[PDB]
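A.B. asks: Chains as they are written, first to last, in the authors' numbering: chain D, 200 to 249; chain B, 197 to 245; chain F, 209 to 259; chain E, 196 to 293; chain C, 211 to 262; chain A, 206 to 256.
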Amino acid sequence: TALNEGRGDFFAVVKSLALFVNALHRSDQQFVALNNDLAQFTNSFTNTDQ
Amino acid sequence: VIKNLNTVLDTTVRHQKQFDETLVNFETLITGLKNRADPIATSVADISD
Amino acid sequence: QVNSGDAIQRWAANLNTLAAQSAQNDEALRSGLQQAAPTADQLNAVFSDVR
Amino acid sequence: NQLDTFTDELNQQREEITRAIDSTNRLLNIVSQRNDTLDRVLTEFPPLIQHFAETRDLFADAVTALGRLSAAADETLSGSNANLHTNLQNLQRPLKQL
Amino acid sequence: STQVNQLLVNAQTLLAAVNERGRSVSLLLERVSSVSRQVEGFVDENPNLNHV
Amino acid sequence: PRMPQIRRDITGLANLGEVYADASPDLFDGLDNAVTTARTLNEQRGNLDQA
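#1: Would you say the region 216-235 of chain B touches the region 240-256 of chain E, given that touching needs at least three Cβ pairs under 8 Å?
#2: At a Cβ threshold of 8 Å, is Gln-255 of chain A touching chain F?
#3: Measure how close the beta-carbons of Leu-226 of chain F and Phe-244 of chain D come, nearest whole angstrom, since I'm counting them as under 8 Å.
#4: Is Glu-230 of chain C helix, strand or coil by DSSP?
#5: Look at the alpha carbon of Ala-221 of chain F and the alpha carbon of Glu-223 of chain A, and state the distance between them as a whole number of angstroms.
#6: Please report whether the beta-carbon of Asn-252 of chain F lies at a distance below 8 Å from any beta-carbon of chain A.
#7: What's the call for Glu-248 of chain A, buried or exposed, on a 16-neighbour Cβ count within 10 Å?
#8: Would you tell me roughly how many angstroms separate the C-alpha atoms of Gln-207 of chain E and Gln-209 of chain F, rounded to the nearest one?
#9: Buried or exposed for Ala-237 of chain B, please, with buried defined as at least 16 other CB atoms from any protein chain shown within 10 angstroms of its CB.
#10: When the Cα of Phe-230 of chain D is compared with those of C:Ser-244, C:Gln-222, C:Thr-212, C:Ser-211, which residue comes out closest?
#11: Below 8 Å on C-beta distance, what does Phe-244 of chain D contact in chain F?
#12: Kindly indicate if chain D contains any beta-carbon less than 8 Å away from that of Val-242 of chain C.
#13: Which whole-angstrom value describes the C-beta separation of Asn-230 of chain E and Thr-203 of chain B, a residue pair presumed to lie in contact below a C-beta threshold of 8 Å?
#14: Give the secondary structure of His-261 of chain C by DSSP, where H, G and I count as helix, E and B as strand, and everything else as coil.
#15: Under the three-state reduction of DSSP, which class applies to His-280 of chain E: helix, strand or coil?
#16: Which residue wins for smallest C-alpha separation from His-224 of chain D, given the options C:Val-235, C:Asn-260, C:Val-262, C:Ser-211?
#17: Considering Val-224 of chain A, what are the terminal residues of the alpha helix (DSSP H) in which it resides?
#18: What whole-angstrom Cβ distance do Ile-226 of chain B and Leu-217 of chain C have, given they're in contact under 8 Å?
#19: At a Cβ threshold of 8 Å, is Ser-239 of chain F touching chain D?
#20: Comparing the C-beta of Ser-230 of chain F with each C-beta of chain A, is any distance below 8 Å?
#21: Taking 8 Å as the cut-off, does the region 203-222 of chain D touch the region 278-288 of chain E (at least 3 CB pairs, one atom from each stretch)?
#22: What are the boundary residues of the alpha helix (DSSP H) that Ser-230 of chain F is part of?
#23: Can you give me the C-alpha to C-alpha distance between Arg-210 of chain B and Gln-250 of chain F, rounded to a whole angstrom?
#24: Going by DSSP in three states, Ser-243 of chain D sits in which element: helix, strand or coil?
#25: Find the residues of chain B that neighbour residue 162 of chain C, judging by a C-beta separation of less than 7 Å, and give them in chain order.
#26: Just to confirm before moving on: does the CB-CB distance between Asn-224 of chain F and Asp-231 of chain A stay below 8 Å?
#27: Are the beta-carbon atoms of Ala-227 of chain C and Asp-234 of chain B separated by less than 8 Å?
#28: Using the beta-carbon of each residue, which ones in chain E are nearer than 9 Å to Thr-216 of chain A?
#29: In chain D, what lies closer than 8 Å to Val-262 of chain C by C-beta?
#30: Give the DSSP-derived three-state secondary structure of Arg-263 of chain E in the structure shown.
#31: Can you find at least 3 beta carbon pairs, one from the region 211-219 of chain F and one from the region 257-274 of chain E, that sit closer than 8 Å?
#32: Starting from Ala-201 of chain D, trace the alpha helix (DSSP H) in both directions and tell me its first and last residue.
#33: Would DSSP call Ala-256 of chain A helix, strand or coil?
#34: Is it buried or exposed, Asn-260 of chain C, if we count other Cβ atoms within 10 angstroms and call 16 or more buried?
#35: Return helix, strand or coil for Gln-214 of chain B, following the three-state DSSP convention.
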């Protein structure tokens, strides 16, 4: 009963996450490249303590 | 898990309009910078040199 | 996201370090912006004089 | 039959499920105890990002102009870094005598 | 979601282009601090420059 | 038919949760100090534009 009272909300979550994932799934290597580039960029300004 | 996710989610909902605006603004900023990334990087390198 | 976990940990630590350094020099940042507003105008005036 | 299949498959992943539960518990505990910082970020960053998106073209022009200055400045300074030093070191004696 | 995807991919492209010149980018802060110190020292140690 | 994918998703979710739990404290300290410097940048937007 608790799940059924939130059934509309849960399936709205499902239908929204479906679009989110279907739009963000093809770029997995792009995301790995982005994280590596971000680490490289933020390492450029932290080679010393100050 | 339920308690802390409730806390985080209500905090996000409280600023929901700003949270929706910032994604679009960030996308526009990043696209505008990417359209000229090569001059940007060249100029930063020249500044350092 | 999991494959880049070491990268995201590294840039998180680097962002923490950079943010801490910037926050500990807040007043210096404010004075830098305040004095940086007209000094470029002065330099432009000098150069345009000798252009 | 299909319910038997599905329930067996889930039981084969119950350890992964509990590990994910513990991991999500720890991560959400950390975020909940930093909720104040989360609220501060959500209050203060969207206006800044909106402003930056408004002035992205101006920032690009500023960086490109500084780069245009600094490229020529660097080429001129590197093309005469040591010739200037040698010229000064030579001319120091005639300056003293004059 | 489409905005998020384009944001992430363009951020990757921009960061890659920026850190291609990593040797200069990493030394940017050190060089700017060094030139600041050098200009300050040059002005400080020649107080008679205006008279000349 | 899509149960290996479900196993992959659960395993990846656990790994990503552990990665984020490890990397969160540095990110949140950096976000605190970035909030401080973001407040500073917000209070002087006209100075930055003039600069």
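Where is the CB? At the ideal position from N, CA and C, for every residue including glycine.
C.D. replies: Answer, in terms of the structure:
#1: Flag = yes, the region 216-235 of chain B and the region 240-256 of chain E touch.
#2: The residue labelled residue 255 of chain A in the question sits at position 50 within the sixth sequence. Interface residue, yes.
#3: In the third sequence, counting from the first residue as 1, residue 226 of chain F sits at position 18. In the first sequence, counting from the first residue as 1, residue 244 of chain D sits at position 45. Here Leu-226 of chain F really is in contact with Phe-244 of chain D; their C-beta atoms are around 6 Å apart, less than 8 Å.
#4: Here the question's residue 230 of chain C lines up with position 20 in the fifth sequence. DSSP, reduced to helix, strand and coil, places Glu-230 of chain C outside both helices and strands of the structure shown, so it counts as coil.
#5: In the third sequence, residue 221 of chain F corresponds to position 13, counting from 1. In the sixth sequence, residue 223 of chain A corresponds to position 18, counting from 1. Those two C-alpha atoms are separated by around 16 Å.
#6: The sequence position of residue 252 of chain F within the third sequence is 44, counting from 1. Cβ-Cβ to chain A under 8 Å: no for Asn-252 of chain F.
#7: Numbered from its first residue, the sixth sequence carries residue 248 of chain A at position 43. Label assigned to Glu-248 of chain A: exposed.
#8: Counting from one through the fourth sequence, the residue named residue 207 of chain E turns up at place 12. Counting from one through the third sequence, the residue named residue 209 of chain F turns up at place 1. Here the C-alpha atom of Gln-207 of chain E lies approximately 25 Å from the C-alpha atom of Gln-209 of chain F.
#9: Here residue 237 of chain B corresponds to residue number 41 of the second sequence, with the count starting at 1. When all chains shown are included, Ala-237 of chain B counts as buried.
#10: Within the first sequence, residue 230 of chain D is the residue found at index 31, counting from 1. Ranking C:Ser-244, C:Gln-222, C:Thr-212, C:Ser-211 by Cα distance to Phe-230 of chain D puts C:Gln-222 first.
#11: On the first sequence, residue 244 of chain D is found 45 positions in, with the first residue counted as 1. Those within 8 Å of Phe-244 of chain D in chain F are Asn-222, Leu-226.
#12: One-based indexing of the fifth sequence puts residue 242 of chain C at position 32. Judged by the 8 Å Cβ criterion, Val-242 of chain C is not in contact with chain D.
#13: Taking the first residue of the fourth sequence as position 1, residue 230 of chain E is located at position 35. Taking the first residue of the second sequence as position 1, residue 203 of chain B is located at position 7. Yes, they are in contact, since the Cβ atoms of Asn-230 of chain E and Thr-203 of chain B sit about 6 Å apart, within 8 Å.
#14: For the purposes of this step, residue 261 of chain C is taken as residue 51 along the fifth sequence, with counting starting at 1. Of the three classes helix, strand and coil, the one that applies to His-261 of chain C here is coil, per DSSP.
#15: As a position in the fourth sequence, residue 280 of chain E is number 85, starting the count at 1. Note: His-280 of chain E maps to helix in three-state DSSP.
#16: Numbered from its first residue, the first sequence carries residue 224 of chain D at position 25. The shortest C-alpha separation from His-224 of chain D is found at C:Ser-211.
#17: For the purposes of this step, residue 224 of chain A is identified with residue 19 of the sixth sequence, where counting begins at 1. From DSSP, the alpha helix (DSSP H) with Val-224 of chain A extends over 208-248.
#18: Taking the second sequence and counting its residues from 1, one reaches residue 226 of chain B at position 30. Taking the fifth sequence and counting its residues from 1, one reaches residue 217 of chain C at position 7. Correct: roughly 5 Å between the Cβ atoms.
#19: The sequence position of residue 239 of chain F within the third sequence is 31, counting from 1. Not closer than 8 Å to any Cβ of chain D, the Cβ of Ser-239 of chain F fails to qualify, so no.
#20: Mapped onto the third sequence, residue 230 of chain F falls at position 22. With 8 Å as the cut-off, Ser-230 of chain F counts as an interface residue toward chain A.
#21: With a cut-off of 8 Å on Cβ pairs, the region 278-288 of chain E is not in contact with the region 203-222 of chain D, counting fewer than three such pairs.
#22: What you label residue 230 of chain F is simply residue 22 of the third sequence in a count that begins at 1. In this chain, the alpha helix (DSSP H) harbouring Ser-230 of chain F covers 213-231.
#23: Numbered from 1 along the second sequence, position 14 holds the residue referred to as residue 210 of chain B. Numbered from 1 along the third sequence, position 42 holds the residue referred to as residue 250 of chain F. If you take the alpha carbons of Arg-210 of chain B and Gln-250 of chain F, they lie about 46 Å apart.
#24: Counted from its first residue, the first sequence places residue 243 of chain D at position 44. Shown here, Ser-243 of chain D sits in coil according to DSSP, grouped into three states, outside any helix or strand.
#25: The structure shown does not extend to residue 162 of chain C, since chain C is modelled only from 211 through 262, so no value can be given for it.
#26: As a first step, residue 224 of chain F is located in the third sequence; it is residue number 16 there, counting from the start. As a first step, residue 231 of chain A is located in the sixth sequence; it is residue number 26 there, counting from the start. Less than 8 Å divides the Cβ of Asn-224 of chain F from the Cβ of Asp-231 of chain A.
#27: Taking the fifth sequence and counting its residues from 1, the one referred to as residue 227 of chain C is at position 17. Taking the second sequence and counting its residues from 1, the one referred to as residue 234 of chain B is at position 38. Yes, Cβ-Cβ distance for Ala-227 of chain C and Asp-234 of chain B is below 8 Å.
#28: By 1-based counting over the sixth sequence, the position of residue 216 of chain A is 11. Taking a Cβ-Cβ threshold of 9 Å, the residues of chain E close to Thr-216 of chain A are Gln-208, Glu-211, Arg-214, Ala-215, in chain order.
#29: For the purposes of this step, residue 262 of chain C is taken as residue 52 along the fifth sequence, with counting starting at 1. Neighbours of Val-262 of chain C on chain D: none; closest Cβ ~37 Å, over 8 Å.
#30: Start at 1 with the first residue of the fourth sequence, and residue 263 of chain E comes out as number 68. In the displayed model, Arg-263 of chain E falls within a helix according to three-state DSSP.
#31: With the cut-off at 8 Å, the region 211-219 of chain F and the region 257-274 of chain E do not touch.
#32: The count along the first sequence starts at 1 and reaches residue 201 of chain D at position 2. Start and end: 201-204.
#33: By one-based count along the sixth sequence, residue 256 of chain A stands at place 51. In the structure shown, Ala-256 of chain A sits in coil (DSSP, three-state: anything other than H, G, I, E or B).
#34: Indexing the fifth sequence from 1 puts residue 260 of chain C at position 50. By the neighbour-count rule (16 or more Cβ atoms within 10 Å), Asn-260 of chain C is not buried but exposed.
#35: For this step, residue 214 of chain B is matched to residue 18 along the second sequence. In the displayed model, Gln-214 of chain B falls within a helix according to three-state DSSP.
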